[PDB]
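Asker:
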Amino acid sequence: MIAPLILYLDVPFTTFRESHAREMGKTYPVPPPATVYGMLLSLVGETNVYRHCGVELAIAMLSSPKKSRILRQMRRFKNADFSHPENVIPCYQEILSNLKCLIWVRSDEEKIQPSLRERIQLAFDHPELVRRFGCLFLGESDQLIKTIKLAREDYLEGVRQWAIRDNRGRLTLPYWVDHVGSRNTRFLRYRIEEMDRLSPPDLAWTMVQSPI
RNA sequence: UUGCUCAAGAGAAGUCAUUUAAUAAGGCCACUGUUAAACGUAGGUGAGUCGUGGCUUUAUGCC
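Numbering (the authors' numbering) for the first sequence: 1 to 212.
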């Protein structure tokens, strides 16, 4: 079987807000599979979210990022008048600094050709043939990606912090996100096990599927 | 196209007014640079101004 694609990520700042963290901007320690899937769709310029259902992603943390809080005068739709003072609320947002990670992309379970792995490989092969809009980012639109590149299993040849699907794990990362409410959001429990493993273990793979 | 798409902690503020490190003090008292000698005899040099004036025989030397 074709070897899974490996991407090296380096984002100076990230915000993977929690699904239930609406009063305060609490962030996940590791990018959720849904956020990575959306980033890959943006990378290949695919607006439809159901197009690449079935792709399996594995995330390996190259280092533990530090969590910091920043104040922000975030806006909201509370009053009909745009200039009303009620539309601006001060709230904290937790960010992660100097995030480096390796992403494994495996597209065996996709039923629509070309697969996401092939699309990413073709986009990296001929960047001038990619038809997309906006700037690539991970998390919030202002959190641009510093380095995204094709890498091998030993890019830093160091020790890797894998995200393992453990039913007793701490983190509850979503692989599908409902941006309106929380009905269609689907969750999975993960843990961060320190494993130099270059390759992902079997439990480190998460398949992105529709909530149906 | 990413729990995403939009999102200024923003506008203003003298650390200010006053305060002698001041009053007193000898680095002082003592010291010999004493004693003796044969010059026997052989070593050198760096710098201007331009056409008769008082004596004196032109002379040629003095001021």
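Ideal Cβ positions, reconstructed from N, Cα and C, are used throughout, including at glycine.
Give me the residue from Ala-123, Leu-150, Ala-80, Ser-63 with the minimum Cα distance to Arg-132.
Answerer: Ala-123
Asker: Does the distance from the C-beta atom of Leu-171 to that of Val-11 stay below 8 Å?
Answerer: At the C-beta level, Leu-171 and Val-11 stay beyond 8 Å of one another.
Asker: In the DSSP output, which residue or residues are listed as bridge partners for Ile-103?
Answerer: DSSP lists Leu-7, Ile-59 as partners of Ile-103.
Asker: Output yes or no for whether 8 Å exceeds the beta carbon distance between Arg-76 and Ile-89.
Answerer: yes
Asker: For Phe-187, which three-state DSSP category applies?
Answerer: strand
Asker: Would you be able to state if there are at least three C-beta pairs under 8 Å between the stretch 160-179 and the stretch 46-66?
Answerer: yes
Asker: Taking the beta strand (DSSP E) that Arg-152 falls in, what are its first and last residues?
Answerer: Per DSSP, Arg-152 belongs to no beta strand (DSSP E) and is neither H nor E.
Asker: Whole angstroms are fine: how far does the CA of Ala-204 sit from the CA of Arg-168?
Answerer: Going by C-alpha positions, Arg-168 is about 14 Å away from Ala-204.
Asker: Only counting runs of 4 or more residues, tell me where the alpha helix (DSSP H) segments fall wholly within the stretch 74-140, in order along the chain.
Answerer: 116-125
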